[PDB]
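Report on the structure given below.
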Amino acid sequence: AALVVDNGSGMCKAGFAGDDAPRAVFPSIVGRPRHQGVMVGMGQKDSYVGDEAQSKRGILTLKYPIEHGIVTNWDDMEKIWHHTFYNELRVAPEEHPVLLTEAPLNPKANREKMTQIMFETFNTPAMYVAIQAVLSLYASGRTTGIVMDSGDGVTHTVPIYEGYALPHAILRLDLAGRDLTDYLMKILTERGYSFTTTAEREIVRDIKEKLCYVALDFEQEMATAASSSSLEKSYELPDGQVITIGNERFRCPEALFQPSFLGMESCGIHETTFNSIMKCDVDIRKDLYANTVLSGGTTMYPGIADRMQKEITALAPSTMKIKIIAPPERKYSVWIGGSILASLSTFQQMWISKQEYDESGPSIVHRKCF
Amino acid sequence: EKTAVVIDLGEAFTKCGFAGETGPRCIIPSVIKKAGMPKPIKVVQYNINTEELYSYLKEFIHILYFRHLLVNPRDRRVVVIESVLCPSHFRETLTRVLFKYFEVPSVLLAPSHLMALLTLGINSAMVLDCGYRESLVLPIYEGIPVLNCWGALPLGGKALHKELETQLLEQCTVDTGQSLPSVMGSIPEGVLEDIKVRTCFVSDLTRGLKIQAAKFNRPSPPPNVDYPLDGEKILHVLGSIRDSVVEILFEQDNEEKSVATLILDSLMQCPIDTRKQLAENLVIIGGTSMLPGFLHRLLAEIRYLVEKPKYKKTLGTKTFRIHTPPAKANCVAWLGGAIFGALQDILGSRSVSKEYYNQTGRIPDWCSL
Amino acid sequence: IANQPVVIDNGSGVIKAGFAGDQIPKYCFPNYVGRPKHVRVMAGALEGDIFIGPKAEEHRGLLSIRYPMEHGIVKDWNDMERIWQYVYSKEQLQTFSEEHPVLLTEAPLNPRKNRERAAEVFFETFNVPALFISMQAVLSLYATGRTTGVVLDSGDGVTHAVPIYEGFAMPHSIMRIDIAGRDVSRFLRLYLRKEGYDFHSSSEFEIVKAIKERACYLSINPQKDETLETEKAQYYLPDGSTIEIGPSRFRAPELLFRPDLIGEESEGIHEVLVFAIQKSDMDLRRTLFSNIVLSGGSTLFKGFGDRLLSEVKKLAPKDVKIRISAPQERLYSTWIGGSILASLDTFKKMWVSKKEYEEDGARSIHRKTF
């Protein structure tokens, strides 16, 4: 009946309500070609979208519409929604209701503009905007627990206890997968593997997904890298060329735990989660320590849950029992939560309608959200 | 409804005919025959008076459409297959002659490499067009030609003609009317084309390396055959000479450049995602490619250059396949323009019309604004 | 051992050398190695076949030129060793490498492997007592006398913009492109094929550089110059034949502001200058706009600075006092700063000694530079 559409900054995920996993999965990209006066043969698309842009990557200027969970170009975001509904899902938006997701502490105008596009342009019967962390917690099954959500757009934390979100203890963070990908691309240039153009941005992203892992101890990993060359793995590109890097596997995702490398002057993901828990009430800290949930693609590095356990225990008192909930399906946890929320019978009375939107306007969504 | 005209101009030859027909109706050479003139003048020339070129193009078009097409192009569209990097001065002159003098309905100045790609029916390909003047490379990926990745050495038909003229003059053996070498200072171009078509045997990679070793401090000199000529002056042309003339086309040393190296330089310039599809689809077209036993010597030379340390660090292991076209190697560019014009009355709309030319000024070349 | 140190200002297009505490570099020549086209039977030990400097400039037609450096990164190391040997030899400097310390220059964000291999050459093949590698932006500010300001530069290899404020070089605010004088020369050659006057050989490539240096001007409005018909000005070759340049003279340097004509995605000179100022902190932006310094040979086009102002006025915030300063000696600005840096008494502390290199290795060179 209802459609769930997790508009992620990287991978735009979408499908149906009451499902195990999403059908439509693709990178939210809109590649426009090299505009030269020379002609093109047997016709082509003026602006590609999704997997088509990824396939024909070499030529196209890959521009993401969402930057840090914030929609910059709205015409680009409108084309991706259109690509999700008609091409991938093969179903009109007028029949099915549409669950959407944004990160917490976003601009207030973005929900209003997102909702305006759904009702005016797409003619949706009913829509809703949920917090990503709230859905990630709902996919995991627990009512209680903090959610250290981390995608390519935005890392953020939302502490919740017994089905009561703590909006003032929320802490949004500028560090994310895209900033890690840019950092890996820079340190690759330092060892003679220069990647400037946006076509190579996806190759270094794919290198980041495969090889990189979180260090248990950074100074120890740096010492072993200088001594031995067993850690130095090789990755072959789409092209037959193959490259080898030693230091850059553990050093790339260390930027999460040490933002000083990127030049952000912010708290690391390990202590940002701690600072979120300390901002909550003193009586409900034990359960937040016990249920330290992870979600998103930036939590898919091997050994990240072990590093979070080391750092949070180091920050917190010795008496506390720290525990990180790190499921196998944490990459697609936000969408799974939306599918379970859409499947419930209580959610049928929580939708916005066309008549309610015509009466109120875009400002009705802020009341419905939280 | 209306089958469009196809033209493919050049310095040596000119492929022309109807759109839709598999291959052209005729191919008269680029030169023209004038009354009260010692030698025939070439039509396609660069860096020369505007009004003279305009008259030369009118004279060539007038002798063309009666003999070739048997019709007025005033009824239907035209496809002028200009090679990319054909001077904008020359294009402007072509545009003037087609609209001002004749008054055609529409014209098109589309590139040769993209149309040659339409014949294969694939969207991505590395392309090489070895014509008369230049041997131009241009890779196409998914329709769009990748422009800054390119190359064109002055090493086509005209370079082979000049080398034949040099080597024959150095070692000459003409009959009486025996001895008597270097009697005539020069020789005509039409005869020298007929010698290249018939006599010049293209060598293998191992034979080519042996010839290069012999030139700088002799193996496989045969075979040799004489060439007949007018006015009772047969010349006994040798077998080692014609092989040495073919060898300079693949000569690497001291320029770091050749027909084979030009593809590798074009591949080097291209991006990483594009790289492998261009290597897989390496198309060879043009006039020089019609020579007998050419495609092996190129593919073997390409592979030898990839084995060299300087190209291993970027290219490495690559499956260099040469997907050949339906029509002959010279007439691939024309067949593409015939496919482009015949089928699509829709894609005729994107090209420049007579209504647009008068008010605006000119057909838009790949330039600013 | 504290002799008068040598200042070797590196560069892909041009290389410059001399001594510390001088006004202008006495020894300036283009950075390439020349080999005869019609080479001798042996392909190993050549004799009388190497020309570097004014001999190579004199005898263009004989020699097949080839540049060892590309985009501020050396490809052919044996060629650069021969050029450095020619600099030190009796044909130019008339001094030994054993006596004097060395001041080398490099572009920012280069491969570290090339910097290590550069140090290996200077320490082992030549017997240098002390070596120091430095940035181009820091040297330009030494030559002017300022501490604050952005340094936009445009040589033959690299275009980069490093913002510095009262002796504080910002690493994360650095922007870099592979679009420069060499590329501008390559597209002028491409455009002269469209004019009719084709060029192919490497000696013949230097005619295109000479045309670029002499007869090129940057239009303020590129759309207005296109709508108008050009006059077709003339230029005489070293041979004798006249060349109608036409619209290629103004469309060639447009590259630097519009790299879409390439078919390779770049920021451009005007965006890099704005982006470097934008990426820095909020309070530093207005001071960085006021102190903009130009350098390199590709800033010497007619109406370049007038266009570079107009692009800043378009992008930058309104009602801000822009000031693109530029010295009289723009090509020699980097060498003058090195000679000033070498003359200062602090120079002894900054350098890498031969003994320190033998003990530590590459790590000590990476520590001293930053």
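Counting starts with 1 at the first residue shown.
Here the Cβ of each residue, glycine as well, is placed from N, Cα and C on the backbone.
Annotated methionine (R)-sulfoxide per Swiss-Prot: A:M39, A:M42, in sequence order, evidence recorded as similarity to another entry. Residues or ranges marked as tele-methylhistidine in Swiss-Prot: A:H68. Taken from Swiss-Prot, the feature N6-methyllysine covers A:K79, and the record attributes it to similarity to another entry.
Here the features listed in Swiss-Prot are placed on the structure.
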{"residue": "A:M39", "record": "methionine (R)-sulfoxide", "Cβ contacts under 8 Å, 6 or more apart": "none"}
{"residue": "A:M42", "record": "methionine (R)-sulfoxide", "Cβ contacts under 8 Å, 6 or more apart": "none"}
{"residue": "A:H68", "record": "tele-methylhistidine", "Cβ contacts under 8 Å, 6 or more apart": "A:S9, A:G153, A:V154, A:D174, A:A176, A:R178"}
{"residue": "A:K79", "record": "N6-methyllysine", "Cβ contacts under 8 Å, 6 or more apart": "A:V30, A:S47, A:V49"}
*Of A:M39, A:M42, A:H68, A:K79, listed here as modified residues, which sit with their C-beta under 8 angstroms from a C-beta of chain B?*
A:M39, A:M42
